[PDB]
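This report concerns only the one structure given below.
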Amino acid sequence: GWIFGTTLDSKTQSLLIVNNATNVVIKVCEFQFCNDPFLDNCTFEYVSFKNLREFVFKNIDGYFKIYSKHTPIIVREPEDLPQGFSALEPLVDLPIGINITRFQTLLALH
Amino acid sequence: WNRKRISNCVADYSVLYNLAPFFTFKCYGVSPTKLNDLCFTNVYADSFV
Amino acid sequence: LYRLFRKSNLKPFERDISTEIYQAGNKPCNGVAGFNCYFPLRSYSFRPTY
Ligand SMILES: *[C@@H]1O[C@H](CO)[C@@H](O[C@@H]2O[C@H](CO)[C@@H](O[C@@H]3O[C@H](CO)[C@@H](O)[C@H](O)[C@@H]3O)[C@H](O)[C@H]2NC(C)=O)[C@H](O)[C@H]1NC(C)=O
Ligand SMILES: *[C@@H]1O[C@H](CO)[C@@H](O[C@@H]2O[C@H](CO)[C@@H](O)[C@H](O)[C@H]2NC(C)=O)[C@H](O)[C@H]1NC(C)=O
Ligand SMILES: *[C@@H]1O[C@H](CO)[C@@H](O[C@@H]2O[C@H](CO)[C@@H](O)[C@H](O)[C@H]2NC(C)=O)[C@H](O)[C@H]1NC(C)=O
């Protein structure tokens with residue numbers, strides 16, 4: 001998932017999107033993030049190498065728009081973008097009412 | 001009361017905000033931080049103890 | 001509580017709930033409220049005699 005925000009210092013609003021293989025958790029809670037998640041005022045809550053996943057995030061008029069695409073690829077060179085055309089269908093629109101200047105992705109570990 | 005009808009000038013109160021011997025700044029009808037860009041015909045100045 | 005001091009104009013449909021002291025002067029407030037350190041949230045104290 002991803003963490004979006006301005007300063008991410010628990011003094012301002014910050015969007016959090018987390019996938020745990022059964023649901024998608026989207027929050028604006030201003031709690032601490034530490035540094036990296038590990039695995040084996042909340043004014044908005046929303047609960048829902050062959051693989052390549054493409055996403056587009058934009059934030060206009062207080063609306064966070066996420067476009068997504070999923071595709072199987074087979075690559076020869078190590079970690080190079082494929083030469084082709086794929087159209088990204090819309091995935092979700094959120095009325096979170098924030099502005100975002102910085103972001104950081106979330107990794108899964110042992 | 002000495003009504004001083006000051007005219008034909010632009011307000012520049014930011015000196016008083018930048019100096020020690022001026023303490024209070026309260027404004028009603030206009031913002032206390034948005035005083036510099038305002039224009040008036042006759043500002044009525046009064047000063048008392 | 002109504003906001004009277006903020007740094008910039010807001011983009012449409014946005015939320016500001018930060019209660020930090022507005023930096024009117026060049027001196028940092030550092031959590032101290034005073035003159036040239038204005039608190040943003042103020043109320044007009046609505047009364048039926050208004
Ligand atoms: C959630 O938002 C509130 C404000 O929107 C943040 O401020 C804190 O809210 C609590 C709960 O009201 C305040 O505690 C008590 O408030 C009453 C007024 O009902 C007051 O009479 C008491 O003396 C006491 O202060 C608290 O003062 C207020 N401010 C601070 C700095 O804590 C709250 O922090 C937000 N919480 C989260 C987790 O984001
Ligand atoms: C968007 O949020 C930021 C909060 O970080 C607001 O302030 C900007 O912060 C960045 C990071 O320090 C500065 O580089 C900018 O100069 C700040 N903006 C201004 C106008 O000074 C920012 O104001 C917010 N955007 C809007 C439209 O309110
Ligand atoms: C993935 O996360 C979601 C939400 O974080 C979990 O959903 C829980 O669903 C039960 C079903 O009634 C609720 O009682 C819980 O309150 C929900 N959790 C939370 C934190 O609200 C879901 O179970 C998680 N899946 C896995 C496999 O961990």
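In the structure tokens, chains take letters A, B, ... by order of appearance, with residues numbered from 1 within each chain and ligands from 1 in the order shown.
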
Using only C-alpha atoms, find each residue of chain C with at least one atom at most 12 Å away from an atom of chain A; report its shortest atom-to-atom pair and that distance in Å (one decimal), sort the rows by chain and rising residue number, and return the result as a Markdown table.
| residue | atom | partner | partner_atom | distance |
| --- | --- | --- | --- | --- |
| C:10 | CA | A:99 | CA | 9.8 |
| C:11 | CA | A:61 | CA | 7.1 |
| C:12 | CA | A:61 | CA | 5.7 |
| C:13 | CA | A:62 | CA | 5.1 |
| C:14 | CA | A:97 | CA | 4.3 |
| C:15 | CA | A:97 | CA | 5.9 |
| C:16 | CA | A:12 | CA | 8.2 |
| C:17 | CA | A:12 | CA | 7.3 |
| C:18 | CA | A:12 | CA | 6.1 |
| C:19 | CA | A:11 | CA | 8.8 |
| C:20 | CA | A:11 | CA | 8.8 |

Hey, can you spit out that residue selection with N, CA, C and O atoms as a PDB file, in the first residue's frame?
ATOM      1  N   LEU C  10      -7.209  28.314   0.298  1.00  0.00           N
ATOM      2  CA  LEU C  10      -7.402  26.875   0.234  1.00  0.00           C
ATOM      3  C   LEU C  10      -7.979  26.449  -1.107  1.00  0.00           C
ATOM      4  O   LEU C  10      -8.822  27.140  -1.687  1.00  0.00           O
ATOM      5  N   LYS C  11      -7.508  25.303  -1.594  1.00  0.00           N
ATOM      6  CA  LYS C  11      -8.118  24.662  -2.744  1.00  0.00           C
ATOM      7  C   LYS C  11      -9.519  24.173  -2.372  1.00  0.00           C
ATOM      8  O   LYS C  11      -9.791  23.915  -1.195  1.00  0.00           O
ATOM      9  N   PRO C  12     -10.437  24.093  -3.345  1.00  0.00           N
ATOM     10  CA  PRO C  12     -11.823  23.715  -3.027  1.00  0.00           C
ATOM     11  C   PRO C  12     -11.954  22.305  -2.468  1.00  0.00           C
ATOM     12  O   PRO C  12     -11.255  21.381  -2.892  1.00  0.00           O
ATOM     13  N   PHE C  13     -12.866  22.173  -1.495  1.00  0.00           N
ATOM     14  CA  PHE C  13     -13.174  20.933  -0.775  1.00  0.00           C
ATOM     15  C   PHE C  13     -11.927  20.352  -0.103  1.00  0.00           C
ATOM     16  O   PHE C  13     -11.449  19.268  -0.441  1.00  0.00           O
ATOM     17  N   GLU C  14     -11.395  21.107   0.858  1.00  0.00           N
ATOM     18  CA  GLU C  14     -10.225  20.687   1.617  1.00  0.00           C
ATOM     19  C   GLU C  14     -10.438  20.989   3.093  1.00  0.00           C
ATOM     20  O   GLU C  14     -11.202  21.888   3.455  1.00  0.00           O
ATOM     21  N   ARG C  15      -9.748  20.231   3.942  1.00  0.00           N
ATOM     22  CA  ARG C  15      -9.921  20.303   5.387  1.00  0.00           C
ATOM     23  C   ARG C  15      -8.620  20.709   6.061  1.00  0.00           C
ATOM     24  O   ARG C  15      -7.571  20.110   5.808  1.00  0.00           O
ATOM     25  N   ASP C  16      -8.699  21.714   6.930  1.00  0.00           N
ATOM     26  CA  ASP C  16      -7.588  22.137   7.777  1.00  0.00           C
ATOM     27  C   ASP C  16      -8.028  22.016   9.228  1.00  0.00           C
ATOM     28  O   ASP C  16      -8.873  22.790   9.690  1.00  0.00           O
ATOM     29  N   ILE C  17      -7.458  21.051   9.949  1.00  0.00           N
ATOM     30  CA  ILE C  17      -7.733  20.873  11.366  1.00  0.00           C
ATOM     31  C   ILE C  17      -6.489  21.091  12.218  1.00  0.00           C
ATOM     32  O   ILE C  17      -6.476  20.729  13.395  1.00  0.00           O
ATOM     33  N   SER C  18      -5.440  21.676  11.646  1.00  0.00           N
ATOM     34  CA  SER C  18      -4.228  21.952  12.405  1.00  0.00           C
ATOM     35  C   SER C  18      -4.451  23.138  13.333  1.00  0.00           C
ATOM     36  O   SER C  18      -4.954  24.184  12.913  1.00  0.00           O
ATOM     37  N   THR C  19      -4.071  22.975  14.600  1.00  0.00           N
ATOM     38  CA  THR C  19      -4.272  23.998  15.617  1.00  0.00           C
ATOM     39  C   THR C  19      -2.973  24.693  16.007  1.00  0.00           C
ATOM     40  O   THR C  19      -2.902  25.305  17.077  1.00  0.00           O
ATOM     41  N   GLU C  20      -1.944  24.603  15.168  1.00  0.00           N
ATOM     42  CA  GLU C  20      -0.686  25.275  15.455  1.00  0.00           C
ATOM     43  C   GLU C  20      -0.830  26.783  15.285  1.00  0.00           C
ATOM     44  O   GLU C  20      -1.698  27.272  14.557  1.00  0.00           O
TER      45      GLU C  20
END

Please identify every residue of chain B that has at least one atom no more than 10 Å from any atom of chain C, counting only C-alpha atoms, and report them as a list in words. residues 14, 17, 18, 23, 24, 25, 26, 31, 32 and 33 of chain B

Could the residues in this selection be saved with C-alpha atoms as a CSV table (one decimal), in the first residue's frame?
chain,number,residue,atom,x,y,z
B,14,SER,CA,3.9,46.8,9.7
B,17,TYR,CA,4.3,45.2,14.3
B,18,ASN,CA,8.1,45.1,13.9
B,23,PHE,CA,2.0,45.9,22.0
B,24,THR,CA,-1.7,45.5,21.2
B,25,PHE,CA,-3.1,45.1,17.6
B,26,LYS,CA,-6.8,44.5,17.4
B,31,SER,CA,-8.2,41.8,9.5
B,32,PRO,CA,-5.3,42.8,11.7
B,33,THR,CA,-2.8,41.1,9.3

Write out as a list in words the set of residues from chain B that DSSP, computed on the backbone, places in helix (DSSP H, G or I).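 Reading the DSSP output for chain B, helix (DSSP H, G or I) covers residues 14, 15, 16 and 17 of chain B.
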
Surroundings of ligand 3 up to 7 Å, based on only C-alpha atoms and all ligand atoms, as a PDB file with C-alpha atoms, in the first residue's frame:
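Okay, this is what ended up in selection_34.pdb:
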ATOM      1  CA  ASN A  20      -4.037  -7.450   3.470  1.00  0.00           C
ATOM      2  CA  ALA A  21      -5.092  -9.959   0.730  1.00  0.00           C
ATOM      3  CA  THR A  22      -8.775  -9.942   1.824  1.00  0.00           C
ATOM      4  CA  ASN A  23      -9.757  -6.263   2.102  1.00  0.00           C
ATOM      5  CA  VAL A  24      -8.539  -2.788   1.184  1.00  0.00           C
ATOM      6  CA  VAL A  25      -8.314  -0.364   4.115  1.00  0.00           C
ATOM      7  CA  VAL A  47     -13.051  -0.951   3.672  1.00  0.00           C
TER       8      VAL A  47
END

At a cut-off of 7 Å and counting only C-alpha atoms and all ligand atoms, what residues surround ligand 2? Please answer as a PDB file with N, CA, C and O atoms, in the first residue's frame.
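Result file result_39.pdb:
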ATOM      1  N   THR A   6       1.453  15.432   3.673  1.00  0.00           N
ATOM      2  CA  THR A   6       2.317  16.598   3.524  1.00  0.00           C
ATOM      3  C   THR A   6       3.597  16.467   4.342  1.00  0.00           C
ATOM      4  O   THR A   6       4.699  16.504   3.789  1.00  0.00           O
ATOM      5  N   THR A   7       3.470  16.317   5.662  1.00  0.00           N
ATOM      6  CA  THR A   7       4.627  16.188   6.533  1.00  0.00           C
ATOM      7  C   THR A   7       4.745  14.826   7.197  1.00  0.00           C
ATOM      8  O   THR A   7       5.855  14.456   7.594  1.00  0.00           O
ATOM      9  N   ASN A  99      -4.708  17.661   0.614  1.00  0.00           N
ATOM     10  CA  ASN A  99      -3.682  17.864  -0.397  1.00  0.00           C
ATOM     11  C   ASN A  99      -2.448  17.044  -0.035  1.00  0.00           C
ATOM     12  O   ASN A  99      -2.157  16.811   1.141  1.00  0.00           O
ATOM     13  N   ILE A 100      -1.759  16.561  -1.063  1.00  0.00           N
ATOM     14  CA  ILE A 100      -0.666  15.610  -0.904  1.00  0.00           C
ATOM     15  C   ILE A 100       0.568  16.186  -1.579  1.00  0.00           C
ATOM     16  O   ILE A 100       0.527  16.530  -2.765  1.00  0.00           O
ATOM     17  N   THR A 101       1.662  16.294  -0.826  1.00  0.00           N
ATOM     18  CA  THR A 101       2.938  16.719  -1.380  1.00  0.00           C
ATOM     19  C   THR A 101       3.980  15.617  -1.416  1.00  0.00           C
ATOM     20  O   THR A 101       4.866  15.655  -2.268  1.00  0.00           O
TER      21      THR A 101
ATOM     22  N   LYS C   7      -2.284  30.471   6.351  1.00  0.00           N
ATOM     23  CA  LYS C   7      -1.147  30.922   5.551  1.00  0.00           C
ATOM     24  C   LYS C   7      -1.553  31.299   4.129  1.00  0.00           C
ATOM     25  O   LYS C   7      -1.122  32.338   3.615  1.00  0.00           O
ATOM     26  N   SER C   8      -2.379  30.483   3.478  1.00  0.00           N
ATOM     27  CA  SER C   8      -2.691  30.687   2.072  1.00  0.00           C
ATOM     28  C   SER C   8      -4.166  30.415   1.818  1.00  0.00           C
ATOM     29  O   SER C   8      -4.899  29.952   2.694  1.00  0.00           O
ATOM     30  N   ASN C   9      -4.602  30.728   0.601  1.00  0.00           N
ATOM     31  CA  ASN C   9      -5.950  30.380   0.179  1.00  0.00           C
ATOM     32  C   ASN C   9      -6.053  28.876  -0.041  1.00  0.00           C
ATOM     33  O   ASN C   9      -5.107  28.235  -0.505  1.00  0.00           O
ATOM     34  N   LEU C  10      -7.209  28.314   0.298  1.00  0.00           N
ATOM     35  CA  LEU C  10      -7.402  26.875   0.234  1.00  0.00           C
ATOM     36  C   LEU C  10      -7.979  26.449  -1.107  1.00  0.00           C
ATOM     37  O   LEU C  10      -8.822  27.140  -1.687  1.00  0.00           O
ATOM     38  N   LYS C  11      -7.508  25.303  -1.594  1.00  0.00           N
ATOM     39  CA  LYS C  11      -8.118  24.662  -2.744  1.00  0.00           C
ATOM     40  C   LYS C  11      -9.519  24.173  -2.372  1.00  0.00           C
ATOM     41  O   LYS C  11      -9.791  23.915  -1.195  1.00  0.00           O
TER      42      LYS C  11
END

For CA of residue 71 (chain A) and CA of residue 107 (chain A), determine how far apart the two atoms are, in Å to one decimal place.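 Result for CA of residue 71 (chain A) versus CA of residue 107 (chain A): 20.4 Å, one decimal.
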
Using only C-alpha atoms and all ligand atoms, find each residue in chain A having at least one atom no more than 8 Å away from ligand 1; report its shortest atom-to-atom pair and that distance in Å (one decimal), rows by chain then rising number, as a Markdown table.
| residue | atom | partner | partner_atom_place_in_ligand_line | distance |
| --- | --- | --- | --- | --- |
| A:29 | CA | ligand 1 | 39 (O) | 7.3 |
| A:30 | CA | ligand 1 | 39 (O) | 6.4 |
| A:31 | CA | ligand 1 | 38 (C) | 7.5 |
| A:41 | CA | ligand 1 | 39 (O) | 3.5 |
| A:42 | CA | ligand 1 | 39 (O) | 7.0 |

Within 9 Å of residue 1 (chain B) using only C-alpha atoms, minus same-chain residues under 5 positions, as a PDB file with N, CA and C atoms, in the first residue's frame:
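File result-v3.pdb, as written:
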ATOM      1  N   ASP B  46      -7.259  58.889  16.539  1.00  0.00           N
ATOM      2  CA  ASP B  46      -7.435  59.437  17.875  1.00  0.00           C
ATOM      3  C   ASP B  46      -6.438  58.767  18.809  1.00  0.00           C
ATOM      4  N   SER B  47      -5.904  59.526  19.766  1.00  0.00           N
ATOM      5  CA  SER B  47      -4.867  59.016  20.659  1.00  0.00           C
ATOM      6  C   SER B  47      -5.107  59.540  22.065  1.00  0.00           C
ATOM      7  N   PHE B  48      -5.285  58.631  23.027  1.00  0.00           N
ATOM      8  CA  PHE B  48      -5.638  59.002  24.391  1.00  0.00           C
ATOM      9  C   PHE B  48      -4.790  58.226  25.390  1.00  0.00           C
TER      10      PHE B  48
END

Residue 16 (chain A) environment, 9 Å, only C-alpha atoms, sequence neighbours closer than 6 positions dropped, as a PyMOL selection string: chain A and resi 1-5+25-29

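From CA of residue 53 (chain A) back to CA of residue 86 (chain A), the distance works out to 11.2 Å.
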
I'd like the neighbourhood of residue 1 (chain C) as an MDAnalysis selection string, where a residue qualifies if any of its atoms comes within 12 Å (using only C-alpha atoms), though same-chain residues fewer than 5 positions away should be ignored. chainID C and resid 17 19 39:46

Could you please write out, as a count of residues only, every residue of chain B that DSSP assigns to strand (DSSP E)? 8
